[PDB]
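Single-structure report; data block below.
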Amino acid sequence: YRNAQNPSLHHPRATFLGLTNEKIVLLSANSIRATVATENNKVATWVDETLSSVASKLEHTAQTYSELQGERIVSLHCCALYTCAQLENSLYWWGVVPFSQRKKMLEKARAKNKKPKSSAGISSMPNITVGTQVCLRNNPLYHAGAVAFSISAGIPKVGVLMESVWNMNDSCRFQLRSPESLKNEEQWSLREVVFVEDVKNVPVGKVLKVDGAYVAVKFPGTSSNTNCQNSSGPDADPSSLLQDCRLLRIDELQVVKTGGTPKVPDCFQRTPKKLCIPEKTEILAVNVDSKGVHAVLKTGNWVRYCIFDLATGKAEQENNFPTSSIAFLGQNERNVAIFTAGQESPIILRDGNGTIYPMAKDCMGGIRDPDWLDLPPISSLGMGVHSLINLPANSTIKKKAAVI
Amino acid sequence: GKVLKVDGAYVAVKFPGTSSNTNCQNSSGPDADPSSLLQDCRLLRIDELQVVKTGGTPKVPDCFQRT
């Protein structure tokens with residue numbers, strides 16, 4: 001880094017974070033997210049430089065809200081989706097909710113988005129005027145024209161979609177909104193989509209006429225894929241726009257209430273809340289994975305390995321080691337560590353002696369009795385997601401792998 | 001009715017009185033305003049109009065005696 005213009009300031013996103021005159025002590029960095037805790041017990045959370053345009057909801061300056069207790073944050077972790085922080089006796093997480101959580105929230109929206117549908121009883125006649133705020137009855141919930149980031153294939157990407165995914169388990173084809181275009185169709189999966197377009201923005205289909213028992217509506221940019229140029233100037237072809245209009249029946253529309261958003265909920269958690277942990281359970285180490293948040297809980301001479309679920313706030317999967325807890329605690333209390341990538345990688349557990357604790361699961365579901373490794377004690381372990389490249393015709397070799 | 005658009009099972013056909021609140025004269029030729037043709041359409045479907053074969057005179061005799 002050589003900032004010729006201003007050598008006193010580095011990391012050109014730093015002035016966005018407001019950390020030009022602050023002392024920082026804690027760092028948490030991964031593929032796309034970033035968080036730094038400063039001497040002012042203030043945590044700044046932000047994204048990569050590439051996703052700067054979406055940082056409005058994805059970047060936070062260093063500030064401790066009244067929701068936070070204001071105490072000394074013990075440590076931090078952050079995945080590609082959300083940030084978790086560790087106090088002495090508190091674990092607080094916030095950020096974009098997991099894909100399953102977003103889907104189940106959409107269920108609370110998609111069902112309620114079916115509000116205009118009448119019941120079995122004699123419903124009252126709706127007040128209808130030509131040009132009133134209504135949209136399409138069907139619930140794609142996401143049409144072409146929304147840009148979001150998917151971090152699959154070992155390389156993060158941000159792009160727009162092309163068709164609405166009717167089946168929430170089927171693949172789809174998108175188009176990247178690469179910055180160089182302003183200065184490729186890909187068959188993807190919906191697990192990695194964030195949908196940063198947020199509230200509304202789905203209905204822009206201005207209702208333009210009502211005739212017979214039908215409505216005439218044209219969405220912007222509904223021209224066909226023919227080689228004819230989409231003339232947006234004053235000399236636009238009337239016949240092309242004639243062939244590109246939409247004619248629907250009034251039964252195929254749902255009412256857009258005055259001031260009522262078509263979807264409503266937020267695909268982002270801006271507020272902290274408690275990751276439920278029992279009393280006196282000292283947290284040996286923390287890490288953020290796809291299933292939730294990893295932890296090692298202690299009470300007396302009792303050591304447990306747990307993964308905490310987002311929705312309930314408690315440890316979804318708790319297990320007691322088959323070996324004695326005194327060995328795992330070891331001589332050095334702090335030398336324990338938990339390692340995970342955040343979305344897709346095996347976990348690593350590090351105990352006091354300096355070496356590693358093997359992991360395997362029995363058919364019951366608990367931790368297998370470990371098979372010892374003859375490894376010497378380890379000091380640092382770097383874990384990362386690396387995508388193998390130049391795959392011949394998308395062979396059976398997997399796209400991504402873990403580097404340890 | 002001159003069906004100017006056919007899209008799937010739906011058709012856009014023009015009829016007199018299809019104009020919007022605009023009172024401008026119906027200039028549907030080369031100088032047709034896009035808003036004019038956009039708000040001066042009539043909505044029908046395929047199952048609402050029967051096809052008339054081109055070049056075939058419909059059987060419409062006059063019911064008025066002349067001789």
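So you can find residues: chains in the structure tokens are A, B, ... in the order shown, residues in each start at 1, and ligands are numbered from 1 in order.
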
Just list the residues in segment 225-383 of chain A DSSP gives helix (DSSP H, G or I) on the backbone, as a ChimeraX atom specification.
/A:238-243,250-252,325-329

Would you output that residue set with N, CA and C atoms, as a PDB file, in the first residue's frame?
ATOM      1  N   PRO A 238     -44.054   2.514 -31.941  1.00  0.00           N
ATOM      2  CA  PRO A 238     -45.350   2.219 -31.309  1.00  0.00           C
ATOM      3  C   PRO A 238     -45.771   0.767 -31.437  1.00  0.00           C
ATOM      4  N   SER A 239     -45.424   0.096 -32.539  1.00  0.00           N
ATOM      5  CA  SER A 239     -45.884  -1.275 -32.737  1.00  0.00           C
ATOM      6  C   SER A 239     -45.122  -2.254 -31.852  1.00  0.00           C
ATOM      7  N   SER A 240     -43.828  -2.012 -31.638  1.00  0.00           N
ATOM      8  CA  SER A 240     -43.066  -2.860 -30.728  1.00  0.00           C
ATOM      9  C   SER A 240     -43.614  -2.761 -29.311  1.00  0.00           C
ATOM     10  N   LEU A 241     -43.833  -1.534 -28.834  1.00  0.00           N
ATOM     11  CA  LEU A 241     -44.435  -1.349 -27.519  1.00  0.00           C
ATOM     12  C   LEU A 241     -45.850  -1.912 -27.476  1.00  0.00           C
ATOM     13  N   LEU A 242     -46.552  -1.892 -28.611  1.00  0.00           N
ATOM     14  CA  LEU A 242     -47.858  -2.538 -28.701  1.00  0.00           C
ATOM     15  C   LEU A 242     -47.742  -4.036 -28.469  1.00  0.00           C
ATOM     16  N   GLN A 243     -46.733  -4.663 -29.066  1.00  0.00           N
ATOM     17  CA  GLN A 243     -46.507  -6.087 -28.883  1.00  0.00           C
ATOM     18  C   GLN A 243     -45.861  -6.417 -27.545  1.00  0.00           C
ATOM     19  N   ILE A 250     -58.599  -9.211 -14.105  1.00  0.00           N
ATOM     20  CA  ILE A 250     -58.576  -8.572 -12.792  1.00  0.00           C
ATOM     21  C   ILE A 250     -58.482  -9.602 -11.675  1.00  0.00           C
ATOM     22  N   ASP A 251     -58.968 -10.823 -11.914  1.00  0.00           N
ATOM     23  CA  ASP A 251     -58.859 -11.875 -10.910  1.00  0.00           C
ATOM     24  C   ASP A 251     -57.413 -12.266 -10.635  1.00  0.00           C
ATOM     25  N   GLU A 252     -56.501 -11.985 -11.568  1.00  0.00           N
ATOM     26  CA  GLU A 252     -55.091 -12.329 -11.428  1.00  0.00           C
ATOM     27  C   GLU A 252     -54.267 -11.197 -10.829  1.00  0.00           C
ATOM     28  N   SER A 325     -12.516 -34.498  30.925  1.00  0.00           N
ATOM     29  CA  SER A 325     -12.473 -33.058  30.701  1.00  0.00           C
ATOM     30  C   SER A 325     -11.151 -32.451  31.145  1.00  0.00           C
ATOM     31  N   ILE A 326     -10.465 -33.087  32.094  1.00  0.00           N
ATOM     32  CA  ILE A 326      -9.221 -32.522  32.607  1.00  0.00           C
ATOM     33  C   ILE A 326      -8.169 -32.480  31.511  1.00  0.00           C
ATOM     34  N   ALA A 327      -8.156 -33.492  30.645  1.00  0.00           N
ATOM     35  CA  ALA A 327      -7.231 -33.485  29.520  1.00  0.00           C
ATOM     36  C   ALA A 327      -7.541 -32.345  28.563  1.00  0.00           C
ATOM     37  N   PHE A 328      -8.821 -32.166  28.228  1.00  0.00           N
ATOM     38  CA  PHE A 328      -9.188 -31.132  27.268  1.00  0.00           C
ATOM     39  C   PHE A 328      -8.874 -29.744  27.808  1.00  0.00           C
ATOM     40  N   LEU A 329      -9.178 -29.500  29.085  1.00  0.00           N
ATOM     41  CA  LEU A 329      -8.794 -28.231  29.692  1.00  0.00           C
ATOM     42  C   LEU A 329      -7.281 -28.080  29.720  1.00  0.00           C
TER      43      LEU A 329
END

At most 9 Å is the cut-off: for each residue in chain B with any atom that close to an atom of chain A, write down the nearest atom pair and the distance in Å rounded to one decimal, counting only C-alpha atoms, chain first then increasing number, as a Markdown table.
| residue | atom | partner | partner_atom | distance |
| --- | --- | --- | --- | --- |
| B:4 | CA | A:242 | CA | 7.6 |
| B:5 | CA | A:243 | CA | 5.6 |
| B:6 | CA | A:243 | CA | 7.4 |
| B:7 | CA | A:243 | CA | 7.3 |
| B:10 | CA | A:247 | CA | 6.9 |
| B:11 | CA | A:247 | CA | 7.9 |
| B:12 | CA | A:247 | CA | 7.8 |
| B:18 | CA | A:211 | CA | 8.7 |
| B:20 | CA | A:209 | CA | 8.3 |
| B:30 | CA | A:238 | CA | 8.8 |
| B:32 | CA | A:238 | CA | 7.1 |
| B:33 | CA | A:238 | CA | 7.5 |
| B:34 | CA | A:238 | CA | 5.6 |
| B:37 | CA | A:238 | CA | 7.0 |
| B:38 | CA | A:242 | CA | 7.0 |
| B:39 | CA | A:209 | CA | 6.1 |
| B:40 | CA | A:209 | CA | 8.5 |
| B:41 | CA | A:209 | CA | 8.2 |
| B:42 | CA | A:211 | CA | 6.4 |
| B:43 | CA | A:211 | CA | 6.3 |
| B:44 | CA | A:212 | CA | 7.9 |

Mind writing the picked residues with C-alpha atoms as a PDB file, in the first residue's frame?
ATOM      1  CA  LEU B   4     -53.116  -5.076 -33.579  1.00  0.00           C
ATOM      2  CA  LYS B   5     -51.545  -7.357 -30.944  1.00  0.00           C
ATOM      3  CA  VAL B   6     -51.663 -11.116 -30.357  1.00  0.00           C
ATOM      4  CA  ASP B   7     -49.809 -12.369 -27.263  1.00  0.00           C
ATOM      5  CA  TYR B  10     -54.745 -12.634 -25.280  1.00  0.00           C
ATOM      6  CA  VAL B  11     -55.268  -9.993 -27.963  1.00  0.00           C
ATOM      7  CA  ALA B  12     -55.169  -6.195 -28.100  1.00  0.00           C
ATOM      8  CA  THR B  18     -60.921   3.367 -26.517  1.00  0.00           C
ATOM      9  CA  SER B  20     -57.929   7.766 -22.530  1.00  0.00           C
ATOM     10  CA  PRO B  30     -46.825   7.527 -38.221  1.00  0.00           C
ATOM     11  CA  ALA B  32     -48.986   8.075 -32.986  1.00  0.00           C
ATOM     12  CA  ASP B  33     -47.959   9.038 -29.467  1.00  0.00           C
ATOM     13  CA  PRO B  34     -46.772   6.018 -27.433  1.00  0.00           C
ATOM     14  CA  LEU B  37     -51.576   3.678 -28.417  1.00  0.00           C
ATOM     15  CA  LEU B  38     -50.822   2.508 -24.865  1.00  0.00           C
ATOM     16  CA  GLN B  39     -54.060   3.865 -23.347  1.00  0.00           C
ATOM     17  CA  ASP B  40     -56.159   3.443 -26.531  1.00  0.00           C
ATOM     18  CA  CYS B  41     -56.281  -0.366 -26.612  1.00  0.00           C
ATOM     19  CA  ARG B  42     -59.067  -2.891 -26.027  1.00  0.00           C
ATOM     20  CA  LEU B  43     -58.450  -6.182 -24.234  1.00  0.00           C
ATOM     21  CA  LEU B  44     -59.864  -9.441 -25.609  1.00  0.00           C
TER      22      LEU B  44
END

Would you mind listing what lies within 8 Å of residue 315 of chain A as number ranges by chain, with only C-alpha atoms counted and same-chain residues fewer than 4 positions away left out?
A: 276-277, 306-309

Nearest to residue 19 of chain B by atom-to-atom distance, counting only C-alpha atoms, from B:3, B:55, B:67, B:36
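Ranking B:3, B:55, B:67, B:36 by distance to residue 19 of chain B, first place goes to B:36.
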
Backbone DSSP call of strand (DSSP E) for segment 196-271 of chain A, listed as a ChimeraX atom specification
/A:207-211,214-217,246-249,253-255,269-271

If we count only C-alpha atoms, what is near residue 391 of chain A at a cut-off of 12 Å, once residues fewer than 6 positions away on the same chain are taken out, given as a ChimeraX atom specification?
/A:153,397-400

Can I get the selection written as a short mmCIF file (atom, residue, chain, number, x, y, z; two decimals), in the first residue's frame, with C-alpha atoms?
data_model
loop_
_atom_site.label_atom_id
_atom_site.label_comp_id
_atom_site.auth_asym_id
_atom_site.auth_seq_id
_atom_site.Cartn_x
_atom_site.Cartn_y
_atom_site.Cartn_z
CA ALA A 153 -17.95 -21.80 -6.27
CA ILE A 397 -14.01 -32.82 -9.12
CA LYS A 398 -15.67 -30.44 -6.67
CA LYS A 399 -15.49 -26.69 -7.21
CA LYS A 400 -14.23 -25.66 -3.76
#

Surrounding residues of residue 49 of chain A excluding itself and chain neighbours under 6 positions, 9 Å, only C-alpha atoms, as a list in words:
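These residues fall inside the cut-off: residues 12, 13 and 55 of chain A.
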
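Proximity of A:176, A:76, A:388, A:151 to residue 190 of chain A, computed with only C-alpha atoms, is greatest for A:151.
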
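The coordinates place atom CA of residue 71 of chain A at 21.6 Å from atom CA of residue 296 of chain A.
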
To one decimal in Å, tell me the separation between atom CA of residue 139 of chain A and atom CA of residue 207 of chain A.
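Separation of atom CA of residue 139 of chain A and atom CA of residue 207 of chain A: 17.6 Å.
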
Write out as a PDB file with N, CA and C atoms, in the first residue's frame each polymer residue whose atoms come within 12 Å of residue 107 of chain A, counting only C-alpha atoms; drop sequence neighbours fewer than 4 positions from it.
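Listed below is the output, out.pdb:
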ATOM      1  N   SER A 100     -32.182 -20.258   5.425  1.00  0.00           N
ATOM      2  CA  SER A 100     -33.380 -20.914   5.933  1.00  0.00           C
ATOM      3  C   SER A 100     -34.236 -19.939   6.731  1.00  0.00           C
ATOM      4  N   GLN A 101     -33.600 -19.098   7.551  1.00  0.00           N
ATOM      5  CA  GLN A 101     -34.351 -18.105   8.312  1.00  0.00           C
ATOM      6  C   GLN A 101     -35.020 -17.097   7.388  1.00  0.00           C
ATOM      7  N   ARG A 102     -34.319 -16.673   6.336  1.00  0.00           N
ATOM      8  CA  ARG A 102     -34.919 -15.753   5.376  1.00  0.00           C
ATOM      9  C   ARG A 102     -36.102 -16.396   4.665  1.00  0.00           C
ATOM     10  N   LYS A 103     -35.978 -17.672   4.301  1.00  0.00           N
ATOM     11  CA  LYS A 103     -37.083 -18.362   3.645  1.00  0.00           C
ATOM     12  C   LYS A 103     -38.290 -18.462   4.566  1.00  0.00           C
ATOM     13  N   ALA A 111     -47.410 -15.862   2.713  1.00  0.00           N
ATOM     14  CA  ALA A 111     -48.771 -16.165   3.141  1.00  0.00           C
ATOM     15  C   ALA A 111     -49.566 -14.887   3.373  1.00  0.00           C
ATOM     16  N   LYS A 112     -48.991 -13.939   4.118  1.00  0.00           N
ATOM     17  CA  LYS A 112     -49.698 -12.687   4.361  1.00  0.00           C
ATOM     18  C   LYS A 112     -49.791 -11.847   3.093  1.00  0.00           C
ATOM     19  N   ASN A 113     -48.852 -12.023   2.158  1.00  0.00           N
ATOM     20  CA  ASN A 113     -48.982 -11.382   0.856  1.00  0.00           C
ATOM     21  C   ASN A 113     -50.182 -11.901   0.084  1.00  0.00           C
ATOM     22  N   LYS A 114     -50.777 -13.013   0.523  1.00  0.00           N
ATOM     23  CA  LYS A 114     -52.035 -13.506  -0.018  1.00  0.00           C
ATOM     24  C   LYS A 114     -53.243 -12.917   0.704  1.00  0.00           C
ATOM     25  N   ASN A 139     -47.155 -14.731  -6.606  1.00  0.00           N
ATOM     26  CA  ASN A 139     -46.108 -14.336  -5.667  1.00  0.00           C
ATOM     27  C   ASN A 139     -44.776 -14.946  -6.087  1.00  0.00           C
ATOM     28  N   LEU A 141     -42.170 -13.178  -5.692  1.00  0.00           N
ATOM     29  CA  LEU A 141     -41.485 -12.561  -4.561  1.00  0.00           C
ATOM     30  C   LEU A 141     -40.134 -11.991  -4.971  1.00  0.00           C
ATOM     31  N   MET A 168     -38.833 -23.216  -5.030  1.00  0.00           N
ATOM     32  CA  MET A 168     -37.784 -22.784  -4.114  1.00  0.00           C
ATOM     33  C   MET A 168     -36.671 -23.808  -3.945  1.00  0.00           C
ATOM     34  N   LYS A 263     -44.093  -6.818   0.108  1.00  0.00           N
ATOM     35  CA  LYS A 263     -43.528  -7.928   0.867  1.00  0.00           C
ATOM     36  C   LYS A 263     -43.555  -7.667   2.367  1.00  0.00           C
ATOM     37  N   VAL A 264     -42.916  -6.581   2.816  1.00  0.00           N
ATOM     38  CA  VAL A 264     -42.883  -5.999   4.169  1.00  0.00           C
ATOM     39  C   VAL A 264     -41.571  -6.279   4.906  1.00  0.00           C
ATOM     40  N   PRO A 265     -41.217  -7.522   5.250  1.00  0.00           N
ATOM     41  CA  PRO A 265     -40.159  -7.728   6.248  1.00  0.00           C
ATOM     42  C   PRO A 265     -38.781  -7.364   5.713  1.00  0.00           C
TER      43      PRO A 265
END

One-decimal distance in Å that lies between atom CA of residue 158 of chain A and atom CA of residue 10 of chain A
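Answer for the atom CA of residue 10 of chain A to atom CA of residue 158 of chain A separation: 25.9 Å.
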
Need the shell around segment 372-379 of chain A: protein/DNA/RNA residues with any atom at most 10 Å away, counting only C-alpha atoms. Skip same-chain ones fewer than 4 positions apart. Format as a VMD selection string?
chain A and resid 335 350 to 358

Write a file of the just-selected residues containing N, CA and C atoms, as a CSV table (one decimal), in the first residue's frame.
chain,number,residue,atom,x,y,z
A,335,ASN,N,-5.3,-22.0,25.6
A,335,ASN,CA,-4.8,-22.6,24.4
A,335,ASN,C,-5.9,-23.3,23.6
A,350,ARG,N,-9.2,-27.4,19.4
A,350,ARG,CA,-7.8,-27.3,19.9
A,350,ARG,C,-7.9,-27.3,21.5
A,351,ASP,N,-7.2,-28.2,22.1
A,351,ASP,CA,-7.2,-28.4,23.6
A,351,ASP,C,-5.9,-27.9,24.2
A,352,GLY,N,-5.9,-27.9,25.5
A,352,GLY,CA,-4.8,-27.2,26.3
A,352,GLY,C,-3.4,-27.8,26.0
A,353,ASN,N,-3.3,-29.1,25.8
A,353,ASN,CA,-2.0,-29.7,25.7
A,353,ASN,C,-1.2,-29.1,24.5
A,354,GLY,N,-1.8,-28.5,23.5
A,354,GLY,CA,-1.2,-28.0,22.4
A,354,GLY,C,-1.5,-28.7,21.1
A,355,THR,N,-1.9,-29.9,21.1
A,355,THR,CA,-2.3,-30.7,19.9
A,355,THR,C,-3.8,-30.6,19.7
A,356,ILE,N,-4.3,-31.4,18.8
A,356,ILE,CA,-5.7,-31.3,18.3
A,356,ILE,C,-6.5,-32.5,18.9
A,357,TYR,N,-7.8,-32.2,19.0
A,357,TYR,CA,-8.8,-33.2,19.4
A,357,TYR,C,-9.5,-33.7,18.2
A,358,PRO,N,-9.4,-35.0,17.8
A,358,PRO,CA,-10.0,-35.5,16.6
A,358,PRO,C,-11.5,-35.4,16.7
